file my_file19.txt (compact mmCIF, N, CA and C atoms)
# COMPACT_ATOMS: atom_id res chain seq x y z
N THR J 1 28.88 126.23 102.30
CA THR J 1 28.00 125.09 102.66
C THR J 1 28.56 123.78 102.07
N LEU J 2 29.28 123.83 100.94
CA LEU J 2 29.90 122.63 100.31
C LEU J 2 31.12 122.14 101.11
N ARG J 3 31.95 123.05 101.64
CA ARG J 3 33.13 122.71 102.48
C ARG J 3 32.70 122.37 103.91
N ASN J 4 32.83 121.10 104.28
CA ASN J 4 32.28 120.54 105.54
C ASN J 4 33.43 120.32 106.53
N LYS J 5 33.17 119.58 107.62
CA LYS J 5 34.18 119.03 108.55
C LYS J 5 34.51 117.59 108.15
N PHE J 6 33.59 116.92 107.45
CA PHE J 6 33.71 115.52 106.97
C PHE J 6 33.79 115.52 105.44
N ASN J 7 34.26 116.63 104.87
CA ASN J 7 34.56 116.79 103.42
C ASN J 7 35.74 117.76 103.23
N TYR J 8 36.57 117.99 104.27
CA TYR J 8 37.79 118.85 104.21
C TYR J 8 38.46 118.94 105.59
N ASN J 9 38.89 117.81 106.16
CA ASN J 9 39.65 117.82 107.44
C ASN J 9 40.88 118.74 107.29
N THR J 10 41.55 119.15 108.38
CA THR J 10 42.63 120.19 108.35
C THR J 10 43.80 119.87 109.29
N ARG J 11 44.70 118.99 108.86
CA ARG J 11 45.74 118.37 109.72
C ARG J 11 46.92 119.34 109.83
N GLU J 12 47.64 119.29 110.95
CA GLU J 12 48.93 119.99 111.18
C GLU J 12 50.03 118.93 111.18
N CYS J 13 51.18 119.23 110.58
CA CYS J 13 52.36 118.33 110.51
C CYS J 13 53.65 119.14 110.48
N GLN J 14 54.56 118.87 111.43
CA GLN J 14 55.97 119.34 111.39
C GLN J 14 56.91 118.14 111.51
N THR J 15 58.18 118.39 111.19
CA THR J 15 59.30 117.43 111.25
C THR J 15 60.11 117.75 112.50
N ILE J 16 60.80 116.76 113.07
CA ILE J 16 61.59 116.92 114.32
C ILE J 16 62.96 117.49 113.93
N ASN J 17 63.23 118.74 114.32
CA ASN J 17 64.46 119.50 113.96
C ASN J 17 65.36 119.58 115.19
N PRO J 18 66.64 119.17 115.12
CA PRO J 18 67.55 119.33 116.25
C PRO J 18 67.95 120.80 116.41
N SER J 19 67.98 121.28 117.66
CA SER J 19 68.38 122.66 118.04
C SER J 19 69.85 122.87 117.65
N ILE J 20 70.15 123.99 116.99
CA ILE J 20 71.53 124.36 116.54
C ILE J 20 72.36 124.73 117.78
N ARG J 21 73.67 124.49 117.74
CA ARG J 21 74.59 124.64 118.90
C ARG J 21 76.01 124.91 118.39
N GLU J 22 76.71 125.88 118.99
CA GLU J 22 78.01 126.42 118.49
C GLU J 22 79.11 126.13 119.52
N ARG J 23 80.10 125.31 119.15
CA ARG J 23 81.12 124.76 120.09
C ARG J 23 82.52 125.00 119.52
N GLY J 24 83.51 125.08 120.42
CA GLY J 24 84.93 125.31 120.12
C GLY J 24 85.79 124.12 120.49
N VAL J 25 86.75 123.77 119.63
CA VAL J 25 87.68 122.63 119.85
C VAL J 25 89.07 123.01 119.33
N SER J 26 90.02 123.22 120.24
CA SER J 26 91.44 123.56 119.98
C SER J 26 92.32 122.33 120.23
N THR J 27 92.99 121.82 119.19
CA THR J 27 93.89 120.63 119.26
C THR J 27 95.34 121.09 119.14
N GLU J 28 96.12 120.92 120.21
CA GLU J 28 97.55 121.31 120.30
C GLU J 28 98.38 120.04 120.48
N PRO J 29 99.38 119.77 119.61
CA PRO J 29 100.13 118.51 119.65
C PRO J 29 101.03 118.40 120.87
N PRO J 30 101.54 117.19 121.20
CA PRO J 30 102.40 117.00 122.37
C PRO J 30 103.56 117.99 122.39
N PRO J 31 103.94 118.55 123.57
CA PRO J 31 105.15 119.37 123.67
C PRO J 31 106.39 118.63 123.14
N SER J 32 107.30 119.36 122.46
CA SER J 32 108.53 118.81 121.83
C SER J 32 109.78 119.38 122.52
N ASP J 33 110.48 118.56 123.31
CA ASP J 33 111.63 118.97 124.16
C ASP J 33 112.95 118.71 123.43
N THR J 34 113.85 119.71 123.41
CA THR J 34 115.26 119.58 122.95
C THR J 34 116.01 118.63 123.91
N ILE J 35 116.76 117.68 123.35
CA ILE J 35 117.71 116.80 124.10
C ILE J 35 119.09 116.92 123.45
N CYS J 36 120.14 117.00 124.26
CA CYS J 36 121.57 117.04 123.82
C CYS J 36 122.32 115.88 124.47
N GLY J 37 122.80 114.94 123.65
CA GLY J 37 123.61 113.78 124.08
C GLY J 37 124.92 113.73 123.33
N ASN J 38 126.02 113.45 124.03
CA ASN J 38 127.36 113.19 123.43
C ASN J 38 127.72 111.75 123.76
N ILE J 39 128.35 111.05 122.81
CA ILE J 39 128.83 109.66 123.01
C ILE J 39 130.29 109.59 122.54
N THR J 40 131.15 109.10 123.43
CA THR J 40 132.59 108.85 123.21
C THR J 40 132.84 107.37 123.47
N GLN J 41 133.97 106.85 123.01
CA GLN J 41 134.30 105.40 123.12
C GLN J 41 134.35 105.00 124.60
N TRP J 42 134.89 105.86 125.47
CA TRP J 42 135.08 105.59 126.92
C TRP J 42 133.72 105.53 127.63
N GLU J 43 132.83 106.48 127.37
CA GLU J 43 131.50 106.59 128.04
C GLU J 43 130.64 105.36 127.71
N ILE J 44 130.72 104.85 126.47
CA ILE J 44 130.10 103.57 126.03
C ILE J 44 130.66 102.45 126.91
N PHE J 45 131.99 102.27 126.86
CA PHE J 45 132.72 101.20 127.58
C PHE J 45 132.48 101.32 129.09
N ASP J 46 132.47 102.55 129.63
CA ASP J 46 132.34 102.80 131.10
C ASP J 46 131.04 102.16 131.60
N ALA J 47 129.93 102.43 130.89
CA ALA J 47 128.61 101.80 131.12
C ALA J 47 128.72 100.29 130.92
N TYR J 48 129.27 99.88 129.77
CA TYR J 48 129.48 98.46 129.35
C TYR J 48 130.25 97.72 130.45
N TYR J 49 131.32 98.34 130.98
CA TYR J 49 132.22 97.78 132.02
C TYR J 49 131.45 97.61 133.34
N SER E 1 145.10 133.17 110.25
CA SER E 1 145.32 132.28 109.07
C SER E 1 144.66 130.90 109.25
N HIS E 2 144.15 130.57 110.44
CA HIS E 2 143.50 129.27 110.78
C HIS E 2 142.23 129.05 109.94
N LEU E 3 141.53 130.13 109.55
CA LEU E 3 140.29 130.08 108.72
C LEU E 3 140.63 129.60 107.30
N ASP E 4 141.83 129.92 106.80
CA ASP E 4 142.34 129.46 105.48
C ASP E 4 142.79 127.99 105.57
N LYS E 5 143.24 127.54 106.75
CA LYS E 5 143.78 126.18 106.98
C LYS E 5 142.64 125.15 107.02
N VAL E 6 141.63 125.38 107.87
CA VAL E 6 140.47 124.45 108.09
C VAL E 6 139.85 124.12 106.72
N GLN E 7 139.57 125.15 105.91
CA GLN E 7 139.02 125.05 104.52
C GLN E 7 137.86 124.05 104.50
N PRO E 8 136.67 124.40 105.05
CA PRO E 8 135.60 123.43 105.27
C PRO E 8 135.08 122.86 103.94
N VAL E 9 134.95 121.53 103.86
CA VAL E 9 134.58 120.78 102.62
C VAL E 9 133.15 120.23 102.78
N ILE E 10 132.39 120.28 101.69
CA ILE E 10 130.92 120.02 101.63
C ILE E 10 130.67 118.82 100.69
N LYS E 11 130.60 117.60 101.24
CA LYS E 11 130.37 116.37 100.43
C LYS E 11 128.97 116.44 99.79
N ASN E 12 127.93 116.59 100.62
CA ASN E 12 126.51 116.54 100.19
C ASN E 12 125.79 117.79 100.71
N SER E 13 125.27 118.62 99.79
CA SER E 13 124.60 119.91 100.08
C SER E 13 123.35 120.06 99.21
N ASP E 14 122.21 119.55 99.69
CA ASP E 14 120.89 119.64 99.02
C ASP E 14 120.24 120.97 99.43
N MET E 15 120.87 122.08 99.04
CA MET E 15 120.51 123.46 99.46
C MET E 15 121.05 124.47 98.44
N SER E 16 120.44 125.66 98.38
CA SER E 16 120.80 126.76 97.45
C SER E 16 122.20 127.29 97.79
N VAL E 17 122.94 127.74 96.76
CA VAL E 17 124.38 128.12 96.83
C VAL E 17 124.56 129.28 97.82
N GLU E 18 123.58 130.18 97.93
CA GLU E 18 123.60 131.36 98.84
C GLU E 18 123.52 130.88 100.30
N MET E 19 122.57 129.99 100.62
CA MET E 19 122.36 129.45 101.99
C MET E 19 123.54 128.57 102.39
N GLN E 20 124.15 127.86 101.42
CA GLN E 20 125.35 127.01 101.61
C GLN E 20 126.53 127.87 102.10
N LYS E 21 126.80 128.99 101.41
CA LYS E 21 127.93 129.92 101.70
C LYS E 21 127.83 130.43 103.15
N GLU E 22 126.61 130.71 103.62
CA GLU E 22 126.31 131.15 105.02
C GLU E 22 126.75 130.06 106.01
N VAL E 23 126.52 128.79 105.69
CA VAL E 23 126.81 127.62 106.59
C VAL E 23 128.32 127.52 106.81
N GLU E 24 129.12 127.71 105.75
CA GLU E 24 130.61 127.65 105.78
C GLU E 24 131.15 128.58 106.88
N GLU E 25 130.71 129.85 106.86
CA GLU E 25 131.15 130.89 107.83
C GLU E 25 130.72 130.49 109.25
N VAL E 26 129.44 130.15 109.43
CA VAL E 26 128.85 129.72 110.74
C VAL E 26 129.61 128.48 111.24
N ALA E 27 129.91 127.53 110.35
CA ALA E 27 130.63 126.27 110.66
C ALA E 27 132.03 126.59 111.19
N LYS E 28 132.76 127.49 110.52
CA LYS E 28 134.11 127.96 110.93
C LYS E 28 133.99 128.73 112.25
N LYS E 29 133.05 129.67 112.33
CA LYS E 29 132.81 130.56 113.51
C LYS E 29 132.46 129.70 114.74
N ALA E 30 131.69 128.63 114.55
CA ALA E 30 131.24 127.70 115.61
C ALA E 30 132.45 127.04 116.29
N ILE E 31 133.38 126.50 115.50
CA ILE E 31 134.52 125.66 115.98
C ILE E 31 135.50 126.53 116.77
N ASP E 32 135.88 127.70 116.23
CA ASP E 32 136.88 128.62 116.85
C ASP E 32 136.28 129.31 118.08
N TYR E 33 134.95 129.38 118.20
CA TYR E 33 134.22 129.94 119.37
C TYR E 33 134.09 128.88 120.47
N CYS E 34 133.87 127.62 120.10
CA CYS E 34 133.47 126.51 121.02
C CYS E 34 134.70 125.77 121.57
N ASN E 35 134.59 125.28 122.81
CA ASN E 35 135.66 124.59 123.58
C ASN E 35 135.52 123.06 123.47
N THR E 36 134.32 122.54 123.18
CA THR E 36 134.04 121.09 123.04
C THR E 36 133.00 120.85 121.93
N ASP E 37 132.86 119.59 121.50
CA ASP E 37 132.01 119.15 120.36
C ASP E 37 130.52 119.35 120.68
N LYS E 38 130.10 119.05 121.92
CA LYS E 38 128.70 119.22 122.41
C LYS E 38 128.25 120.67 122.22
N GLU E 39 129.16 121.63 122.42
CA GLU E 39 128.88 123.09 122.29
C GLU E 39 128.71 123.46 120.81
N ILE E 40 129.41 122.77 119.90
CA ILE E 40 129.37 123.05 118.42
C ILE E 40 127.95 122.81 117.92
N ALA E 41 127.40 121.62 118.20
CA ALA E 41 126.03 121.20 117.84
C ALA E 41 125.02 122.26 118.31
N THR E 42 125.14 122.70 119.57
CA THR E 42 124.21 123.65 120.23
C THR E 42 124.26 125.01 119.52
N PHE E 43 125.45 125.51 119.19
CA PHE E 43 125.66 126.85 118.57
C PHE E 43 125.06 126.89 117.16
N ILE E 44 125.21 125.81 116.38
CA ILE E 44 124.76 125.73 114.96
C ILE E 44 123.23 125.81 114.93
N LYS E 45 122.55 124.85 115.57
CA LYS E 45 121.06 124.79 115.68
C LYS E 45 120.52 126.18 116.03
N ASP E 46 120.93 126.72 117.18
CA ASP E 46 120.43 127.99 117.77
C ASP E 46 120.60 129.15 116.78
N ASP E 47 121.71 129.17 116.02
CA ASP E 47 122.02 130.25 115.04
C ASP E 47 121.10 130.14 113.83
N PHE E 48 120.83 128.93 113.34
CA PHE E 48 119.96 128.67 112.16
C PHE E 48 118.49 128.87 112.54
N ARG E 49 118.05 128.34 113.68
CA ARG E 49 116.67 128.48 114.23
C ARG E 49 116.27 129.96 114.25
N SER E 50 117.19 130.85 114.62
CA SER E 50 117.00 132.33 114.65
C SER E 50 116.85 132.88 113.23
N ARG E 51 117.75 132.49 112.31
CA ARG E 51 117.79 132.95 110.89
C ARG E 51 116.56 132.42 110.15
N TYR E 52 116.41 131.10 110.10
CA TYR E 52 115.28 130.36 109.48
C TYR E 52 114.58 129.56 110.58
N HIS E 53 113.26 129.70 110.69
CA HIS E 53 112.46 129.19 111.85
C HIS E 53 112.15 127.71 111.62
N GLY E 54 111.61 127.03 112.64
CA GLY E 54 111.16 125.62 112.57
C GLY E 54 111.89 124.72 113.55
N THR E 55 112.05 123.44 113.19
CA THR E 55 112.55 122.34 114.06
C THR E 55 113.82 121.73 113.43
N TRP E 56 114.99 122.32 113.69
CA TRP E 56 116.32 121.80 113.26
C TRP E 56 116.74 120.65 114.19
N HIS E 57 117.56 119.73 113.68
CA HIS E 57 118.29 118.69 114.45
C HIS E 57 119.74 118.63 113.95
N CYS E 58 120.71 119.01 114.79
CA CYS E 58 122.15 119.12 114.43
C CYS E 58 122.94 117.99 115.10
N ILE E 59 123.81 117.32 114.34
CA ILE E 59 124.72 116.23 114.82
C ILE E 59 126.12 116.48 114.24
N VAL E 60 127.16 116.33 115.07
CA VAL E 60 128.59 116.52 114.69
C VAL E 60 129.47 115.57 115.51
N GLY E 61 130.52 115.01 114.89
CA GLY E 61 131.41 114.03 115.53
C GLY E 61 132.54 113.55 114.64
N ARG E 62 133.26 112.52 115.10
CA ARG E 62 134.42 111.89 114.40
C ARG E 62 133.89 110.89 113.37
N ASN E 63 133.19 109.85 113.84
CA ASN E 63 132.72 108.68 113.04
C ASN E 63 131.25 108.41 113.37
N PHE E 64 130.35 108.68 112.42
CA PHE E 64 128.90 108.33 112.49
C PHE E 64 128.31 108.16 111.09
N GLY E 65 127.04 107.75 111.02
CA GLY E 65 126.24 107.69 109.78
C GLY E 65 124.78 108.02 110.03
N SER E 66 124.07 108.44 108.97
CA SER E 66 122.87 109.30 109.08
C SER E 66 121.85 109.02 107.97
N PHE E 67 120.81 108.22 108.25
CA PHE E 67 119.56 108.12 107.46
C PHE E 67 118.46 108.89 108.20
N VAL E 68 117.84 109.87 107.53
CA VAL E 68 116.99 110.92 108.16
C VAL E 68 115.89 111.35 107.18
N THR E 69 114.75 111.80 107.72
CA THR E 69 113.62 112.42 106.97
C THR E 69 113.61 113.93 107.25
N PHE E 70 113.78 114.75 106.21
CA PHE E 70 114.07 116.21 106.30
C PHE E 70 113.15 117.00 105.35
N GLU E 71 112.92 118.28 105.65
CA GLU E 71 112.26 119.25 104.74
C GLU E 71 113.14 119.40 103.49
N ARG E 72 112.64 118.98 102.32
CA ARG E 72 113.39 119.00 101.03
C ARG E 72 113.95 120.41 100.81
N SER E 73 115.24 120.49 100.45
CA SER E 73 116.03 121.74 100.32
C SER E 73 116.28 122.36 101.71
N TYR E 74 116.44 121.52 102.74
CA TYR E 74 116.97 121.90 104.09
C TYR E 74 117.76 120.72 104.68
N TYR E 75 118.90 120.39 104.05
CA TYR E 75 119.85 119.33 104.47
C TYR E 75 121.23 119.62 103.87
N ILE E 76 122.24 119.79 104.73
CA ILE E 76 123.67 119.94 104.33
C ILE E 76 124.51 119.01 105.21
N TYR E 77 125.57 118.44 104.63
CA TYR E 77 126.52 117.51 105.29
C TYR E 77 127.94 117.92 104.91
N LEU E 78 128.57 118.73 105.76
CA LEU E 78 129.96 119.24 105.56
C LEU E 78 130.84 118.67 106.67
N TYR E 79 132.05 118.24 106.29
CA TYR E 79 133.12 117.75 107.20
C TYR E 79 134.28 118.76 107.14
N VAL E 80 134.84 119.10 108.30
CA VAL E 80 135.97 120.08 108.43
C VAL E 80 137.00 119.48 109.40
N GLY E 81 138.19 119.16 108.89
CA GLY E 81 139.24 118.43 109.63
C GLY E 81 138.83 116.99 109.88
N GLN E 82 138.12 116.74 110.99
CA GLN E 82 137.50 115.42 111.33
C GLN E 82 136.11 115.63 111.96
N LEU E 83 135.47 116.78 111.73
CA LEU E 83 134.15 117.15 112.31
C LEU E 83 133.13 117.29 111.17
N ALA E 84 132.09 116.45 111.15
CA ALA E 84 130.98 116.49 110.17
C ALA E 84 129.76 117.20 110.77
N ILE E 85 129.63 118.50 110.50
CA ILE E 85 128.43 119.31 110.84
C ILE E 85 127.29 118.84 109.93
N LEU E 86 126.31 118.12 110.50
CA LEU E 86 125.08 117.64 109.82
C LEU E 86 123.86 118.30 110.49
N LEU E 87 123.19 119.22 109.78
CA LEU E 87 121.95 119.92 110.23
C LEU E 87 120.83 119.63 109.23
N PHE E 88 119.61 119.43 109.73
CA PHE E 88 118.40 119.12 108.92
C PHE E 88 117.14 119.53 109.68
N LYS E 89 116.25 120.25 108.99
CA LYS E 89 114.93 120.72 109.51
C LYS E 89 113.87 119.68 109.14
N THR E 90 112.89 119.45 110.02
CA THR E 90 111.78 118.48 109.83
C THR E 90 110.44 119.16 110.17
N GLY E 91 109.35 118.68 109.56
CA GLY E 91 107.97 119.13 109.80
C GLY E 91 107.16 118.10 110.57
call {"tool": "encode", "arguments": {"input": "my_file19.txt", "output": "structure tokens"}}
result
Amino acid sequence: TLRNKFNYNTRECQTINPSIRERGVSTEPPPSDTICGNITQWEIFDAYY
Amino acid sequence: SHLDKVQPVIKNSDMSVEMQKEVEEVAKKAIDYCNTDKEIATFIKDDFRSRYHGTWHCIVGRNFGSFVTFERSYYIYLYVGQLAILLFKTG
């Protein structure tokens, strides 16, 4: 009889929680290509000429 | 007797004495196997890449110079006759 509706209100309260989510990310660097160049005095000059 | 004549010389070798000795043989074997300078560079890289893995860069010629960033204790600079075999691994 002492515990009333206007002597003990009863509130509900929660916090806003973001939904958990599981994702994959694979980072692969730019491809690396072998190059073979030869330089001789003539091949320089041939272009130069 | 040509292997005794070439007598490959090592100016700068920032590498262990065991791995150095291996390079001398490969360096000699490369030249007597190969018909041109472009083939020498190709044979050295491919042989080392198989033995020790990673990203080698090999350069050889008459007259050049070389400032480079390399994996510490993976750089040798040997000249034989007039050919400087320069190989270096990078990360």
call {"tool": "closest_atom_pairs", "arguments": {"input": "my_file19.txt", "of": "chain E", "to": "chain J", "cutoff": "8 Å", "atoms": "only N, CA and C atoms", "output": "JSON lines"}}
result
{"residue": "E:37", "atom": "C", "partner": "J:38", "partner_atom": "CA", "distance": 7.4}
{"residue": "E:38", "atom": "CA", "partner": "J:38", "partner_atom": "CA", "distance": 6.3}
{"residue": "E:42", "atom": "N", "partner": "J:36", "partner_atom": "CA", "distance": 7.9}
call {"tool": "residues_around", "arguments": {"input": "my_file19.txt", "residues": "segment 18-32 of chain E", "least_positions_apart": "6", "cutoff": "7 Å", "atoms": "all atoms listed in the file", "output": "PDB file with N, CA and C atoms, in the frame of the given file"}}
result
ATOM      1  N   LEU E   3     141.530 130.130 109.550  1.00  0.00           N
ATOM      2  CA  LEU E   3     140.290 130.080 108.720  1.00  0.00           C
ATOM      3  C   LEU E   3     140.630 129.600 107.300  1.00  0.00           C
ATOM      4  N   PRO E   8     136.670 124.400 105.050  1.00  0.00           N
ATOM      5  CA  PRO E   8     135.600 123.430 105.270  1.00  0.00           C
ATOM      6  C   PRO E   8     135.080 122.860 103.940  1.00  0.00           C
ATOM      7  N   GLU E  39     129.160 121.630 122.420  1.00  0.00           N
ATOM      8  CA  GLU E  39     128.880 123.090 122.290  1.00  0.00           C
ATOM      9  C   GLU E  39     128.710 123.460 120.810  1.00  0.00           C
ATOM     10  N   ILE E  40     129.410 122.770 119.900  1.00  0.00           N
ATOM     11  CA  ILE E  40     129.370 123.050 118.420  1.00  0.00           C
ATOM     12  C   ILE E  40     127.950 122.810 117.920  1.00  0.00           C
ATOM     13  N   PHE E  43     125.450 125.510 119.190  1.00  0.00           N
ATOM     14  CA  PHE E  43     125.660 126.850 118.570  1.00  0.00           C
ATOM     15  C   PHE E  43     125.060 126.890 117.160  1.00  0.00           C
ATOM     16  N   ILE E  44     125.210 125.810 116.380  1.00  0.00           N
ATOM     17  CA  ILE E  44     124.760 125.730 114.960  1.00  0.00           C
ATOM     18  C   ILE E  44     123.230 125.810 114.930  1.00  0.00           C
TER      19      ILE E  44
END
call {"tool": "atom_distance", "arguments": {"input": "my_file19.txt", "atom1": "atom CA of residue 30 of chain J", "atom2": "atom CA of residue 89 of chain E"}}
result
18.3 Å
call {"tool": "select_by_dssp", "arguments": {"input": "my_file19.txt", "residues": "chain E", "states": "alpha helix (DSSP H)", "output": "PyMOL selection string"}}
result
chain E and resi 2-6+17-33+37-51
call {"tool": "axis_aligned_box", "arguments": {"input": "my_file19.txt", "around": "segment 42-49 of chain J", "padding_each_side": "3 Å", "output": "JSON"}}
result
{"center_x": 131.8, "center_y": 102.1, "center_z": 129.4, "size_x": 12.5, "size_y": 15.0, "size_z": 13.9}
call {"tool": "atom_distance", "arguments": {"input": "my_file19.txt", "atom1": "atom C of residue 62 of chain E", "atom2": "atom CA of residue 44 of chain J"}}
result
15.1 Å
call {"tool": "atom_distance", "arguments": {"input": "my_file19.txt", "atom1": "atom C of residue 29 of chain J", "atom2": "atom CA of residue 48 of chain E"}}
result
23.2 Å
call {"tool": "residues_near_point", "arguments": {"input": "my_file19.txt", "point": "(136.1, 118.9, 111.4)", "cutoff": "8 Å", "atoms": "only N, CA and C atoms", "output": "list in words"}}
result
residues 6, 8, 61, 62, 78, 79, 80, 81, 82, 83, 84 and 85 of chain E
call {"tool": "residues_near_point", "arguments": {"input": "my_file19.txt", "point": "(112.3, 120.9, 110.0)", "cutoff": "5 Å", "atoms": "only N, CA and C atoms", "output": "list in words"}}
result
residues 55, 56, 89, 90 and 91 of chain E
call {"tool": "select_by_dssp", "arguments": {"input": "my_file19.txt", "residues": "segment 17-64 of chain E", "states": "strand (DSSP E or B)", "output": "PDB file with N, CA and C atoms, keeping the file's coordinate frame"}}
result
ATOM      1  N   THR E  55     112.050 123.440 113.190  1.00  0.00           N
ATOM      2  CA  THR E  55     112.550 122.340 114.060  1.00  0.00           C
ATOM      3  C   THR E  55     113.820 121.730 113.430  1.00  0.00           C
ATOM      4  N   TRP E  56     114.990 122.320 113.690  1.00  0.00           N
ATOM      5  CA  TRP E  56     116.320 121.800 113.260  1.00  0.00           C
ATOM      6  C   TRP E  56     116.740 120.650 114.190  1.00  0.00           C
ATOM      7  N   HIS E  57     117.560 119.730 113.680  1.00  0.00           N
ATOM      8  CA  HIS E  57     118.290 118.690 114.450  1.00  0.00           C
ATOM      9  C   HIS E  57     119.740 118.630 113.950  1.00  0.00           C
ATOM     10  N   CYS E  58     120.710 119.010 114.790  1.00  0.00           N
ATOM     11  CA  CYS E  58     122.150 119.120 114.430  1.00  0.00           C
ATOM     12  C   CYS E  58     122.940 117.990 115.100  1.00  0.00           C
ATOM     13  N   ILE E  59     123.810 117.320 114.340  1.00  0.00           N
ATOM     14  CA  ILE E  59     124.720 116.230 114.820  1.00  0.00           C
ATOM     15  C   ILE E  59     126.120 116.480 114.240  1.00  0.00           C
TER      16      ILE E  59
END
